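As structure tokens, the structure follows; a few thoughts come after it.
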Amino acid sequence: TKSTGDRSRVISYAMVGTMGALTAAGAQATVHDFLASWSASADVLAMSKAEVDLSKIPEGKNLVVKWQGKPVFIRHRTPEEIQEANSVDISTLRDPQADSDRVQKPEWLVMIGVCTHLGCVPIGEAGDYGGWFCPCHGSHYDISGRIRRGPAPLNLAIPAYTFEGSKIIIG
Amino acid sequence: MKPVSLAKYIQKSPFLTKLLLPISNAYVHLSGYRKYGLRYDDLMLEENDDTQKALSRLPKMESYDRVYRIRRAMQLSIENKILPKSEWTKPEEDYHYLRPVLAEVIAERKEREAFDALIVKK
Amino acid sequence: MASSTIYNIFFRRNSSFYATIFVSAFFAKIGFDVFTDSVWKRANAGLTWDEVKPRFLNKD
Amino acid sequence: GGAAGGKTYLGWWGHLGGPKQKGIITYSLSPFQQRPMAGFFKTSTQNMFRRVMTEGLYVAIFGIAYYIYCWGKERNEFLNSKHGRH
Amino acid sequence: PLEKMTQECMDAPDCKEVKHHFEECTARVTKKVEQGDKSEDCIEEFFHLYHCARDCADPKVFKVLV
Amino acid sequence: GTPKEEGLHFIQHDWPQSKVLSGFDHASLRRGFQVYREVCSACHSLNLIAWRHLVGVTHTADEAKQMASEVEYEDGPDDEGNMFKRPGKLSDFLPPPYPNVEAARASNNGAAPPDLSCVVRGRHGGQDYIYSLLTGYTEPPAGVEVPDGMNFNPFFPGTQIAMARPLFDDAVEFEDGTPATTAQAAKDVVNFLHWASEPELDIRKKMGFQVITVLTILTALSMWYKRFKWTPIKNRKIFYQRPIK
Amino acid sequence: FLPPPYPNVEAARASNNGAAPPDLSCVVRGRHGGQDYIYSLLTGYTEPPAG
Amino acid sequence: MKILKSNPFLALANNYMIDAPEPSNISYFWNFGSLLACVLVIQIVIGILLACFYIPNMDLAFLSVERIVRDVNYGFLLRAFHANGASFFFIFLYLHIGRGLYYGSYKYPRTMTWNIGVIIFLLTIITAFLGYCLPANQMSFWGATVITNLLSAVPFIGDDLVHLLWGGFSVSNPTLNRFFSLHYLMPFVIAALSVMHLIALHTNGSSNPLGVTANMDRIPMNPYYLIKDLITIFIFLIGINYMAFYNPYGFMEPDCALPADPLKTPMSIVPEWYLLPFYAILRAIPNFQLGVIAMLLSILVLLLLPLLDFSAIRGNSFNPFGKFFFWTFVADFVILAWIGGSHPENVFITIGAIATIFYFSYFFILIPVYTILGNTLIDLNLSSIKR
Amino acid sequence: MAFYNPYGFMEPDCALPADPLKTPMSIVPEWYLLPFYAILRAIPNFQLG
Amino acid sequence: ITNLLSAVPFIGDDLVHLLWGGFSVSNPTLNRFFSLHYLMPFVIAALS
Amino acid sequence: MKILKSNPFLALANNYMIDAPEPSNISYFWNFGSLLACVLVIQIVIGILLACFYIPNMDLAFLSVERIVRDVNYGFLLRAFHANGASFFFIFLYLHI
């Protein structure tokens, strides 16, 4: 060693430590990149979203669009349906939900349009309560979208849509 | 089975021996086990009963010298070097220190290889 | 001081050794990322989409 | 414990199956005292030079293989031409 | 751009012998096909001459195609 | 066999993607995409490149969406069955020009225009062969003839290709104002096709450099440590004291 | 295969109000009772009771 | 007694990886087994990952592979690593076989290890074919059609076996389903046979370049040979990463990026490069049954080696004739591969026939003759030295 | 069991194609995992279950 | 059953999406399940 | 020495199947380990064949199973045997536990 002790030991341990540090740095990237292939691919991501242009639906009209296989209706409620929908007592519903918090904008009502009882396509602008009506099992959904009578257990589902000007993105 | 070298057949004719001596000298120089100091008889395989028995009938000094030779050869082969030109195995020390014992053991084994096959011709 | 303190702190117990290894790896990843990003950016001069945007986009 | 196995040639430490040794002395040094990469370039260069000199011709004469490759390729290309079908 | 340079190296002094061979062929083949025979062509000589011309022309015009 | 039935060897070029550290020249990519759309999309098909594959490479999101909104696609059943049409979206593939192989064969004599998604990687020569093919339509030599509908191209195997000369002078007007000739357009479209073959070149070449550097450093350190640890064996001394009886 | 009366499920839904005639290939094995349930359903149409 | 020598599983690990006597002068050519194990592990993991995105059918396999390439997150790494590792596997296998052949490791007491290795080689060759036939490109379709038709050479039940393997009358959905199902199973059998390989080897230990007994000098494997293999591992990694990140389709022919058209016959129907010499041997013989017989024998002849070496020495370190003839055979093997790769033209037929003749002569005529000659020359010179 | 009653261990709601809108009356796993499902539904809380 | 992974405090509701390979039970889920079901019995045999 | 006690593979087989000291009064409830092993072997062998006709895709998985059941030669045997063996595995597992 041509020198004193306690010096080559430090050098060798430093080389080993650099070895280990670089090996761990490589292994982390290897594992993360080779396991990230299990996440959502581009093809699946491209189908995730859905766009609806609300400018083509005037007040008191319905547009049916597709979103992940579940149709979702939009309705531009006039202040009338807004005010009777807010008038109903929450606790009197079969499934108690309000309406002020049920829609981000009270002039726009967007719900997932499948029968909550056995998964059928209801007909809108009908029923005893003036909303969506399911002739598959003879049940009626109110104008606000909730269930009033019939074999449907719970209310209609609400999508996680976001508003951007005149275009709404569903997803 | 076993090596079938036919040098005995060649040695019957002195013409062939005289012709082939330089070729044999060149071949033994080319094989190059002397560069490690080994004898030719250290390279034969020892994994059967005959050789393992023969190695137990060697004089003690011969066994110790063989052990030293093999250890030195291995230590040389570890670091990829050879002995200098003055320590190479001379032809005088390259004799057969294992062939007679192995031949005796093989003869004893062959001796028994006959009584079992014995038949009565009547 | 000298080289004894370095051994005493880092390479004395196994636990400190492993902790130093892991922290050094964590910082070395970022260092190599920065170095390769700089090298790649200086390698491609004038032939990237963000560089060539003002030759196509603005004249619409 | 388990069973008496067959006849092998390794054993383990202590009973390695080798011959009886006598009068052998071995020295060494601690790896933390010796300087690594000492006598490396000289020894490696000498060993490589010796290896090239001695086992060189056993490999060099890959020599006729390249020539037969080149001749075969050239002749095959020549025979697939206008003057090769005459 | 490329066709012009190809035509220049078609007659530049670096492919003169292959150009001469191509001309000799074309003369012979035109005469033979005029007589009536239809069993000879020199796509091979055209191949050689075209490769020479392209070797000349392509790199010296690919550096301007920006 | 005979070179007439094998095709003349292609011409070697130099491209930005050939360098060890360089990637892609994106202006040439946009020019090649324009040339393909306006001269090639009539007969060939590229049904493996989506509209979303272009945003960030040769177009932005708004430009890609506006371009894709022009074309029309079929959009499944609705209510009482039926098959309606819809404007294009940002997740649809490029529209093929022909419905099936039979229609494509019928339209262009009896030849089927091959799909161009992976034609650069599927040809012996790469970009060079395609570029030499597009700019190799010469007058037939002496002694050879061409049947009706067949064209002469030495680079094509057999020197007979059933594709009339696709590119001509000033066929397209590039946005940047480059003088569009046959050679420049051919080079740009070859670059675009090569991008379409392997669209991940930039990222792959970027990570390869860092991986190689780290591996080199680790290899050097490993060699040094191996040299260090094996010292007490490579430097032994053996002495034989002869056992005198 | 035997011809399906409708080209897709949506046409079937449109024709028969809002219902959807289930496929009969594997219905017997997929109902709680099988043959007995199917036969009883076929032969069990009666006028409703009062109320 | 320490824990590592007491607990069963830890003792199993220790007896094979930590405490195991080894020859003290084994060169760098003894590391290829660890490289083979690492490559096999990489292949198993990568194949398991790739099986989560592949649909085995005629009309969906190629599209699934393309979707893997350009849509799945980091799919290009997966596919390139699988292909390049499968290519490197045969390189390391050939190097392992060459190491075993040069130093005469087939001799006793390691014959069982040699036979197990030969069986593993055959299994690996079979596994490679099914693996490459999956993407259903042009060469995969046509090469599978050509190769699976070789089963008709057996007398009796000739075309019946071909129909049973095809699951129909031509390469279609069922045969791809069969091939995908079988390609998953074979690597596990290969791993089990590798475990058997190691357990058969461990009973007697490794050899050394010198060729003499190594019982006098031994060192444990734990500190020394666990660090001599790291260099080879890192070198292999640096070799494979360059291919995966700068030339992924390196060993890959141009005709392997097109859909399988069953109407256009390609100009050349060739398998992957690592199977080329056996294809050349098969194509050399004009007869049909003789062709498949010779192709099988070209790999089955490695079992006849132990009873063909009449040499008192064990290896080629001290065998002047062996060193020459080994490299001659290697050159002949390379020539065979080159001939098999190219077209079956005029002169190439003669060259391939001559190369095949030499390949089958080397194993059957040259070895005994030169071993006997070396033994005779050495014995004569030693006998004629005292007088 | 395989020659005289193959679907004898099988619930009747398994001979129908999966309709992602048809909600079944009862959602249960196979019989050999039933006790753990019973244990899971007992606890009113979610994570505790 | 797959929704039970949401009980994890921090990375909950993300492991579920990673396992699903999307937003609901679709083609990638079936592919992954087939591959894992093929793989696991050999591990079980080794454990036995 | 006997060959079964000498060859390493035959020694491994012998030490676990041929000559293994066992208690002399174990009842019939100690017979379920072999049953479990045989059931597992049957499951693996049958599943290898079952994987030869299955297409792993949500849109096309049920029709593949139906084709296995009613179109392949003796496919119903394969399907029923796989399902019923998977069921019997848990019965024998519970008995073992």
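Quick notes
The letters A, B, C, D, E, F, G, H, I, J and K name the chains in turn, as written, and every chain counts its residues from 1.
In the analysis below, a contact is a pair of C-beta atoms (placed from the backbone, for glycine too) under 8 Å apart; a residue touches a chain by one contact, two chains touch by 3 or more.
For each chain, UniProt lists the protein as follows: A = Cytochrome b-c1 complex subunit Rieske, mitochondrial; B = Cytochrome b-c1 complex subunit 7; C = Cytochrome b-c1 complex subunit 9; D = Cytochrome b-c1 complex subunit 8; F = Cytochrome c1, heme protein, mitochondrial; H = Cytochrome b.
Chains making contact with chain E as well as with chain H (Cytochrome b): D, F.
Ranked by separation of Cα centres from chain D, the top chain is G. We define each chain's centre as the mean of its Cα atoms; on that basis chain F and chain J are separated by 37 Å. Spacing of chain C relative to chain F, judged by their CA centroids, is 33 angstrom. Centre to centre, using the average C-alpha position, chain E and chain I are separated by 80 Å. Each chain gets a centre from the mean of its Cα atoms; for chain D and chain I, those two points are 65 Å apart.
The residues of chain G that reach two or more other chains are 26, listed in rising order. Those residues of chain I in touch with two or more other chains are numbered 7, 20.
Listed for chain C are residues 32, each touching two or more other chains. Shown are all chain pairs that touch, namely A-C, A-D, A-F, A-G, A-H, A-I, A-J, B-D, B-F, B-H, C-F, D-E, D-F, D-H, D-K, E-F, F-G, F-H, G-I, H-J, H-K, I-J, I-K, J-K. Residues 77-81 of chain F are the ones touching chain G in the complex. Those residues of chain F that touch chain E in the shared complex are 3-4, 8-9, 11, 13-14, 132, 135, 138, 141-144, 154, 159, 181-184, 187.
Listing the residues of chain G that touch chain I in their complex gives 26-27, 29-34. Every residue of chain A that touches chain F in the complex is listed here, in rising order: 12, 15-16, 18-19, 22-23, 25-26, 42, 46-47. The touching residues of chain H (Cytochrome b), when paired with chain D in their complex, are 19, 21, 109, 203-205, 213, 215-216, 218, 323-324, 327, 331-332, 334-335, 338, 345-348, 351.
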